[PDB]
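Each remark here refers to the structure printed beneath this line.
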Amino acid sequence: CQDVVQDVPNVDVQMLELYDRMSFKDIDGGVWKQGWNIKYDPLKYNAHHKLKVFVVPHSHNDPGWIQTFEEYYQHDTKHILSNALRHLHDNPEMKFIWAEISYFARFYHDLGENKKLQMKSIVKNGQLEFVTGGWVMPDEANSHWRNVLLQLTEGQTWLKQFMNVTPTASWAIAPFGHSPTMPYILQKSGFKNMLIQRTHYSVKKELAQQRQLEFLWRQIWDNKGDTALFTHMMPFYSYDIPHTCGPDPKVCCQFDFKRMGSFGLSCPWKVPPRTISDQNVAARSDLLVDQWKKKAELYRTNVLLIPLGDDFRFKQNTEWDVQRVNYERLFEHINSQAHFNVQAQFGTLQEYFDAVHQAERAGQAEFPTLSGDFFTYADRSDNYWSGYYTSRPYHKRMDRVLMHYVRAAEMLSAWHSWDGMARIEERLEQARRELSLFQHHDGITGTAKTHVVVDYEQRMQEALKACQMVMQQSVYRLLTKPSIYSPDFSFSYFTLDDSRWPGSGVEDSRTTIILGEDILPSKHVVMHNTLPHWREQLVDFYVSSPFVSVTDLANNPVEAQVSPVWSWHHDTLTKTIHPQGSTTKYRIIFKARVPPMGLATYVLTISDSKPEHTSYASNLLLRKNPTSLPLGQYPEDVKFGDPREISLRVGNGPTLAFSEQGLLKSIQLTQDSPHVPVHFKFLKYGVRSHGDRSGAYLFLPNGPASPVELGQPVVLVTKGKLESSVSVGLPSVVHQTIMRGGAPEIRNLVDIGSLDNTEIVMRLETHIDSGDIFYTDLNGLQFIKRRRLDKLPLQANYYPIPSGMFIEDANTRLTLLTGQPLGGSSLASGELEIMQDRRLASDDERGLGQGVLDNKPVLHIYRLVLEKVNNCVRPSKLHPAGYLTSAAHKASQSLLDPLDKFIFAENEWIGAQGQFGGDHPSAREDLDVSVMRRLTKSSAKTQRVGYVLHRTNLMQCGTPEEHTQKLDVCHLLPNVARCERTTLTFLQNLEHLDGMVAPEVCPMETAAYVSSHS
Ligand SMILES: CC(=O)N[C@@H]1[C@@H](O)[C@H](O[C@@H]2O[C@H](CO[C@H]3O[C@H](CO[C@H]4O[C@H](CO)[C@@H](O)[C@H](O)[C@@H]4O)[C@@H](O)[C@H](O[C@H]4O[C@H](CO)[C@@H](O)[C@H](O)[C@@H]4O)[C@@H]3O)[C@@H](O)[C@H](O[C@H]3O[C@H](CO)[C@@H](O)[C@H](O)[C@@H]3O[C@@H]3O[C@H](CO)[C@@H](O)[C@H](O)[C@H]3NC(C)=O)[C@@H]2O)[C@@H](CO)O[C@@H]1O
Ligand SMILES: *[C@@H]1O[C@H](CO)[C@@H](O)[C@H](O)[C@H]1NC(C)=O
Ligand SMILES: [Zn+2]
């Protein structure tokens, strides 16, 4: 395996280094506003060296944005596709590329057989070419790599089945900045080329000047270069026609033949297109070829890409005609006039890349190597697109919840073949497709109209319900004696209990386990562990009595803690935010121990009095002017006091100190160690009163954040043997620090209410000497080194925090792990901050035509890990990556893939079993089975199961960490007949594996395997 820590890769362009060197001056470059006046030598091209030009027609189709998916389909996309089919069929030389398979699949499914065959023919003959072939063109900032892969696989699996094609070129013209997670996944999915567009205008200028817009994009840790993917960055401000023909949009706009008037479009530069005629074709060609030759100056080969399209283009037959006929007249003239030395034609994206590499192999070009990312994007001036790292955070959190439910449903149901009547495949396809759709660059990004956000939410809720159904049917089958198992495939044998979604104070959604002498003495519950190692985790359930005890399914007592159910209320009479306790419902908490990829059953039993193995938390309400807080049968009376500093320790874990406002002030790791200053603070950013306004996309703060005025908040302290917590009702946030013996969990119930033009940030202040360095993750896959740059505005220093961030010095590290993607930064040495929500009155002139005023309460979840790192083997100062410790990685897993909890619905579970998966291998902590998916329906003689295995890289810090078993996924199911290494989409077999043994992957690597079973 490659060493991902100790070898700094040697690349021609390293983005962090480039950022350090660049001046980012925003000067008027002339007609190319953000470039310079391009000059070319007319003698560069001649009879023996022509410029080959590929004009590639396209239509960007958003699967929801200002209309819903279905609205756009009915109003626009179905017409675009119908007319593409007609026009390509009738015009053999015309070409078209298509990206969004969600739309194509819908369209194709609805076609009659005659037209299906016509469609297959224009694909087979190369006129219509699929680019990327994902369900959507995903966001690259907020999306988790697992969901990027999910959506890619959904689109490509459809394409292989129905169109018999698998794209090897990717087209990403629209995401708001670009992540190296894309080439990582694409290169491991058979791709050979990719194209990107939305990168900072200063980066475009810098790379264009050096002819570094085409590069071999490798991962930041990759010393050898085996991850490299050829990447083409487009040079100009937009992917529209005015910004794709060459540097002067006043000229290029004249070659968008939809802009002459009858279509309701015009040219901003006030010179319209004119129909090409015999009397103007020479002058028109002069102008166009001059633009092309200028654009060609920015690249290294004699092969030029000219995209021809825009959003929802090619809708009407007349538009197809007007573009095609005019371009054909230009081609006929240009190609026949030797003096131009140009050969121009309609082409596809693959045709462009094939020609580029032909030129490369002929020895006419060598390409630079590059590592890094392309965040944070700015399209002009100081307009940095860091707002969408946070916009609509409820749905960003929902994404991560659904991500896990899809994984768990696919895994739990994979163990068996299911009858068609069970509707397992149907429900899983629904769930995968809704989650995939949300990866769209107007979905998870929070940049859609309110009614479209509501549509995505409804789709995701349906998907969650589908997952639940599949999960609970699977648990019932896995844990019931086979000769007793009698499934009704519509029945709910278990209900899922989720303690963090939608969350306390967001929705009262969980079911109370109702026990009583005169109703039901006991209840079975089951935990699932999707991770491939034994896991212990505290779990909680609501119960109708505090006198409940827990046993395992050997009837062994399990230590438990009972706590009250606390709900916070904004009291509109007293004008205070204060907690109320239930007098009929209680929380029972205990440690569940669950096999790798397995299930464990426990029993909750009522008694008339305090059980031997159950303890009760104390509760202390700190406020001036307290009133009584009765708790029914709960055996411990609530205590009251004036606000004061408090200190808590659970188990042998850290000791946490809190201010009188209930906010963390210090962490003491051990009994003898220092009280390390770690302060939580809430602040607010505002909006500018002049100039450009923040909106769904842009973050344009009116200076540094100002502290939120806290007043005298009510603080609730719960102290238990297993779990303790401090909660405080702040303006807009109920902030909760939870201690279970390791790194604390932080929960924020964020309700920005009616606070207009406000962004609420949570900041951590420490004395860690981090300087200008911090680390943030990319798509939950890797941690990249960031440098705060004072030459850039505050909003430019904001990055996506899709799963975590950290700061460190020689001795100490503070890591904040997240359960939802949000924006964040380190704006000063020793600080971390992460945006919670934003409510914005104005539009930011990027097309949405609304602000963000549809905020709703959301429960954000985090883990906070303070660690000593003086003993850790870390990358050198010049290495662009960082790596988590074991504790931080496990903390991230606790947020993203918690235990699943099931409550048996009926009174008695006949044939119940105690455990599933006790014999599953417990793999090394850095290895995950990211995907387990049965690929075949029940009628297949040879069953196939697909696995995606990911190994992260954790720092070596002196912990021996011994005794784990080799995980061979190909032997997880019995009767294996073959094992193949495949592309990550499972669509191509790459290696036939000897002994039918799937070898474990290297650090930072991801591999897919398919086992076949007789
Ligand atoms: C529907 C419609 O007809 N809209 C027109 C607006 O487009 C137009 O406003 C201008 O929008 C340009 C961007 O348009 C493209 O993006 C739209 C947004 O959707 C896509 O992006 C969003 C993110 O932004 C993303 O979420 C989503 O998924 C999607 O991918 C899209 O709707 C547009 O397409 C529609 O309209 C065009 C015609 O306009 C049709 O051809 C399409 O088929 C479709 O109906 C486009 O794809 C912005 O670039 C414009 O800003 C420039 O211009 C204004 C002046 O108007 C300046 O103030 C700005 O500074 C900016 O100037 C540019 O600056 C750079 C850098 O200096 C220069 O290099 C460049 O040359 C400058 N351009 C100009 C013109 O000076 C603008 O906001 C308005 C036109 O007034 O009319 C409609 O509302
Ligand atoms: C599918 O494509 C493969 C290779 O691209 C080809 O060999 C095969 O004939 C095709 N099958 C059809 C026509 O469905
Ligand atoms: Zn778009």
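As shown in the structure tokens, the chain order sets the letters A, B, ...; within each chain, residues go from 1, and ligands are also counted from 1 in the order they appear.
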Identify, on the basis of only C-alpha atoms, every residue whose closest approach to residue 116 of chain A does not exceed 12 Å; exclude the query and any residue fewer than 6 positions from it along the same chain; express the result as a PyMOL selection string.
-> chain A and resi 81-82+85-86+104-105+107-110+122-123+162-163
Return as an mmCIF file with N, CA, C and O atoms, in the first residue's frame every polymer residue, whether protein, DNA or RNA, with at least one atom no more than 7 Å from an atom of ligand 3; count only C-alpha atoms and all ligand atoms.
```cif
data_model
loop_
_atom_site.group_PDB
_atom_site.id
_atom_site.type_symbol
_atom_site.label_atom_id
_atom_site.label_comp_id
_atom_site.auth_asym_id
_atom_site.auth_seq_id
_atom_site.Cartn_x
_atom_site.Cartn_y
_atom_site.Cartn_z
ATOM 1 N N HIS A 60 -29.033 22.019 -20.107
ATOM 2 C CA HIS A 60 -28.904 21.792 -18.672
ATOM 3 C C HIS A 60 -30.302 21.725 -18.054
ATOM 4 O O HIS A 60 -31.041 22.710 -18.082
ATOM 5 N N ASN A 61 -30.643 20.568 -17.486
ATOM 6 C CA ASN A 61 -31.977 20.316 -16.951
ATOM 7 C C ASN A 61 -31.966 20.033 -15.460
ATOM 8 O O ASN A 61 -31.594 18.941 -15.029
ATOM 9 N N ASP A 62 -32.386 21.013 -14.680
ATOM 10 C CA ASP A 62 -32.406 20.878 -13.220
ATOM 11 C C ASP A 62 -33.550 19.983 -12.766
ATOM 12 O O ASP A 62 -34.701 20.285 -13.066
ATOM 13 N N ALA A 174 -22.257 22.698 -13.547
ATOM 14 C CA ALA A 174 -23.090 23.506 -12.659
ATOM 15 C C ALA A 174 -22.814 23.538 -11.141
ATOM 16 O O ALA A 174 -23.168 24.532 -10.517
ATOM 17 N N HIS A 441 -27.632 19.703 -7.375
ATOM 18 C CA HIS A 441 -27.017 20.953 -6.956
ATOM 19 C C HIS A 441 -27.989 22.093 -6.599
ATOM 20 O O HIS A 441 -27.537 23.195 -6.252
ATOM 21 N N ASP A 442 -29.302 21.836 -6.669
ATOM 22 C CA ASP A 442 -30.305 22.724 -6.059
ATOM 23 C C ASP A 442 -31.119 21.998 -4.981
ATOM 24 O O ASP A 442 -32.099 22.545 -4.469
#
```
Can you list, as a list in words, every protein, DNA or RNA residue that comes within 9 Å of segment 267-270 of chain A when you count only C-alpha atoms, leaving out same-chain residues fewer than 3 positions away?
-> residues 242, 249, 250, 251, 253, 254, 256, 259, 260 and 273 of chain A
If you count only C-alpha atoms, which residues fall within 6 Å of segment 797-805 of chain A, apart from same-chain ones fewer than 6 positions away, as a ChimeraX atom specification?
-> /A:141-142,389,775-777,779-780,788,815-818,821-825
Atomic distance atom CA of residue 592 of chain A - atom CA of residue 651 of chain A, expressed in Å with one decimal |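 Interatomic distance here is 16.6 Å.
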Exercise: residue 899 of chain A partners within 7 Å, only C-alpha atoms, chain neighbours under 2 positions left out, as a list in words |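 Final neighbour list, sorted by chain and number: residues 527, 528, 529, 897 and 901 of chain A.
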